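Engineer: So that we are looking at the same thing, I have put the structure below in structure tokens.
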Amino acid sequence: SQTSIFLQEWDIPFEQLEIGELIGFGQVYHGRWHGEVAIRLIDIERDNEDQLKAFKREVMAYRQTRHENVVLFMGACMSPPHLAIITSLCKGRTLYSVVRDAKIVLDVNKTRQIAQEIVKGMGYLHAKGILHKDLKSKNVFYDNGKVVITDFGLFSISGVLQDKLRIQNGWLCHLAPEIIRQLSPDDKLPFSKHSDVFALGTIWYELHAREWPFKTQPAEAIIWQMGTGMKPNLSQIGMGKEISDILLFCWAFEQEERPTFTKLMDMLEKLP
Amino acid sequence: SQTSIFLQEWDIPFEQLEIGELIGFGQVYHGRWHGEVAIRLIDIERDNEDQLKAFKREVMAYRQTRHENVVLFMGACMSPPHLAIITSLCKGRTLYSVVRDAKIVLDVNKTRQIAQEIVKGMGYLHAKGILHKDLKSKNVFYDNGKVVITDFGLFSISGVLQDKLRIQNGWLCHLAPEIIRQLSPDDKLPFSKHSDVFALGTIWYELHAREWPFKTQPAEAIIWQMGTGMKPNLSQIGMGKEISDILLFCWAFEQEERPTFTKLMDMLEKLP
Amino acid sequence: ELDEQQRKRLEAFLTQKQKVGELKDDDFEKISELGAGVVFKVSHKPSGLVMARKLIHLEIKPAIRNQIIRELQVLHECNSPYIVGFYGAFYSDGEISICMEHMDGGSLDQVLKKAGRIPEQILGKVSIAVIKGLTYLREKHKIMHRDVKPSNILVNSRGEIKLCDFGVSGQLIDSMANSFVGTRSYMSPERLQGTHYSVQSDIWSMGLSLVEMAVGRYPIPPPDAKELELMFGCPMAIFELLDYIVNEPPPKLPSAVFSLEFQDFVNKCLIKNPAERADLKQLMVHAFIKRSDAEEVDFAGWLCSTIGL
Amino acid sequence: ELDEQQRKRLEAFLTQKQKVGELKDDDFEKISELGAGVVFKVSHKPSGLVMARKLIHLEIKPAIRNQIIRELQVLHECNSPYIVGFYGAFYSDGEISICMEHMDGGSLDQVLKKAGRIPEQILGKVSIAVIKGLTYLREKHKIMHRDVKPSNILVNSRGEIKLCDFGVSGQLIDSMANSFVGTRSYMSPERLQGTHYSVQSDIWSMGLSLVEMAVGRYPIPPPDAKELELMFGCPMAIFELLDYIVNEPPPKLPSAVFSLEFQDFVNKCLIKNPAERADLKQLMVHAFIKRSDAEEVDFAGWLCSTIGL
Ligand SMILES: COc1cc2ncnc(Nc3ccc(Oc4ccccc4)cc3C)c2cc1OC
Ligand SMILES: COc1cc2ncnc(Nc3ccc(Oc4ccccc4)cc3C)c2cc1OC
């Protein structure tokens, strides 16, 4: 019945959609409809008719989700084999490529402000009850600088899991210790709300240290160290008090010990 | 400084906007941008530089307001003298013109369902803390039938007030007794949340009786009768119990006696 | 009820009324304006007669105007010495226009605002004009006025006192959406309560008017103890006004100043109970009317001594 | 360290290596495939020599590949009787390709999966091959293997035992984003803890491998009390596996079956403490190595009696 959704089911008027050049796993196209718009083309897995509640209820719930720190989810339509996600085009670069592009200021004020933008967007998702799961620095755009968040909540169709089992680089250290203990045949993992606040923690580390932890260590090394709760150093100069203390909270071994995004916002607003 | 807003301040990509034929106090144009879109053109009152918080804070707060029962507020831009409101085009007719267009079914199920759609949209506005004020049947569209709500919250620029003082027909009986006591020089009236739930009450009357109360009585008659809390009959056949009882709640003389939209929803779901 | 000289002035209107077969929007060369709430003192070119054209914005479909002007032709048989003889009605762009007999003196609301307060002797002559105006409309046309105001009584320099703008075309009334209310109401208490109203409801409006015409001020609420003492010689909400008409004692004429006949006259009209209120028959044989019926007042003489010509 | 016949086979490779000036993507006519984790047994047309081409998807910009292939030419001086002699490296569309000396017997991980369990006599010859392979790389190139697996030890029908795929181009390693983990790890406990690793870390991987080669099963976790009793003759998470390597006792060879020399050999390698763990020098003079160094085993004879040719 509702095993396929259309663009007419969305609140945004769609009479025509054209596709431009390719700029993107998922193939990201530079589409357009009276305003620059990004378009992702992903072929879903065969069969799985039980993906009613996994799409007719999941991705359709992205309607009525509007925020200034979250990308404008235009909508999506899916034929039984195909799928096309439509979203507002970010008029800038990713936070990933700008935190490694020497040399950006990102002082005490800037870094704190950028972190405050992420938690605000994640806070709106914290209220709507949607887990980002794959919260990386590659899923955040900066320009004005106007910070927005994309590739949120949509797992399974996206990366970065797949008889050896393949794991990404950055996402491996974005995971919370309860989730860094996976086997080879697995989503359906213990993803919580504290899972997302952990991912922000390594992003908060990524902001000050200009990159994510475990910079040289091999995959198996990350799994065990982060699995035993061996949180990386922060006194690599120069942080000190105020800063780095929040890192310990967002990287707590017990998920209950980690603050919520709404609670986290107060810890950032306190200045150094 | 921020005495003027632009379309680029909105989360929806705007590269080009064209205007079609006229279909509309405010001049409503049949505009378009890769999807049929309604455009209102209203020239604001001269001066009033204190309208910063009345627009830079008010109409701009319509961002992050997305709902299936509320029209998609595309955005708006204003030059110091001019103003243009952009919103999604409703692909149908108004509830006003369909409740008087003989002959529509609107039985026990239908009427109850349509009323449930209004309270849901008003409920989302009840959460966001925005008063519709001018909630008429002319501000509701029906097609699929898909019920949506427009012309919400934006007073002053809209009607329907203006040394005799001019008052509309329908809006006069949409007002709650605390508000039906105005003088000649006045917005800035006691508009509450119970003000909106009253307006729905007369719409709920309009659904069953095919129109709003005080059908023949002159303006001054409405002001006194509704002012003294002389709520119109309902046993004009055929209602009885279950129905018409909610009318007494939404038309309570004391505003505190009227249920909230969230509380009201339970009274409608109870069936006859 | 017929007068010799008044039979002349009426049939003199029937002659110049047949001069116009149909009304054209361009036949009326704009000259001046009376007021708004919008009337014009235009000049018809084919007939060569100046008349009072009245038009107000109306956005209607052609299916409605066909039944609006339909019920708007009833005014033809409503020709009376105390009723402004209308000519015709048409449609222009987006507003309906009605041309009536021009009254070069204007309404009484304008006259009252100029002369300050109108003498009792004159109000007697005006009082009789209203009675016959309502009787002629109700007995020969089964139609009441439904709205009596000082601005609805037209007066010319010829000495004629006629009525204007009364409810007859019920189809047009529904078209007039979003209408003005006002800080001064002449509504009868029974209409404010929603109860059925008779021709005696216009009597209340007549009486409430006469009080204002006599003192030069709207009767509600009654003057202070110092205001009336400095008015002899030669900030409320709308709902509070209407509620005062219902649950509070009716307005009254000042003692000593006006004769007891005139004091009793307005009191018989301003009875809050329509049942015990005087009717068109009782007013016709009242002491004030019978005395003022034989009075000899230069109505046009006093008028032109205030507004000119 | 030099052998008479091995000096022949090496310089016989230097001759056919100069036959190719530059590598072309079309010179390699596709024939077959070795495996994936993606190697090809292509055929070079100008030189007329079949070799093992290896390519894996890589989306990089031209600014990166200029420094990837730059550090990829270090393998030229790394020619050894116990190291697979590579040819060159280039770029194709969106994947880097590397062609190495073809080994018609395949890796030991494939051989182990076919023969079930490899005899102790053969493991002795293989053990010496690994030691000299790591020593030659560390003493003459200052480079360690960084990753020793049964699938990283190539063997041909000519009787040669060589190594392959070791860390040398550090620039290429960063390009290999999102890499596979595996249900079978050969990581040393000190690397799992993040501590610095020496060439003795590869010794752990060598020892952990040898145990698997001998019993035909991955050592961790140790077999049951009934499983090992039915294996004599002729469902865990990844983190739990890695944690077992750190805080739980090392794997061990079955008693009685293998000689005490071979039992002691793997135990000197699988010491969880790298400090007390044997080094490349200590292993070279061990009782098991010195005994297996003088052994006479038809390595190519036993190999071709299992996989053919
Ligand atoms: C200008 O460079 C880009 C701007 C983008 N803006 C917005 N979405 C993108 N890509 C993107 C990212 C995620 C995505 O899927 C979503 C899943 C959940 C929620 C929103 C989007 C769909 C798309 C099209 C973008 C990609 C870009 O280049 C890589
Ligand atoms: C097809 O007929 C119509 C569809 C409409 N759809 C959407 N907005 C309209 N008009 C409208 C109604 C209100 C409005 O101003 C708003 C104020 C607050 C929130 C949303 C809109 C702006 C506009 C353009 C429409 C008008 C139409 O004909 C009268």
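If you go along the chain as it appears here, the first residue is 1 and each next one adds 1.
Yeah, the Cβs are placed from backbone N, Cα and C, and that goes for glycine too.
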Engineer: Annotation phosphoserine in Swiss-Prot: match it to one of D:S127, D:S175, D:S305, please.
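Structural biologist: Cross-referencing D:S127, D:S175, D:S305 with Swiss-Prot, phosphoserine lands on D:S175.
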Engineer: Among the residues D:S179, D:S198, which does Swiss-Prot list with the feature phosphoserine?
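Structural biologist: Record says D:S179.
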Engineer: How long, in Å, is the gap between the C-alpha atoms of D:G37 and D:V38 where 3 residues are left unmodelled?
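Structural biologist: Output for the chain break: 6 Å between Cα atoms.
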Engineer: Starting from the Cβ of D:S175 (phosphoserine), draw a 10 Å sphere and report how many other Cβ atoms land inside it.
Structural biologist: 14
Engineer: Given 29 unmodelled residues, what's the whole-number Å distance between the CA of D:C234 and the CA of D:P235?
Structural biologist: 27
Engineer: Sorted by position, what residues of the same chain at least six away from D:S179 (phosphoserine) have a C-beta under 8 A from it?
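Structural biologist: Same-chain residues close to D:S179 (phosphoserine) (Cβ under 8 Å, separated by 6 or more): none.
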Engineer: Once the chains shown are all counted, how many other Cβ atoms turn up within 10 Å of the Cβ of D:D147 (active site, proton acceptor)?
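Structural biologist: Looking across every protein chain shown, the total is 15.
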Engineer: Between the Cα atoms of D:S175 (phosphoserine) and D:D147 (active site, proton acceptor), find the distance and write it as a whole number of Å.
Structural biologist: 17
Engineer: Helix, strand or coil at D:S175 (phosphoserine), per DSSP?
Structural biologist: helix
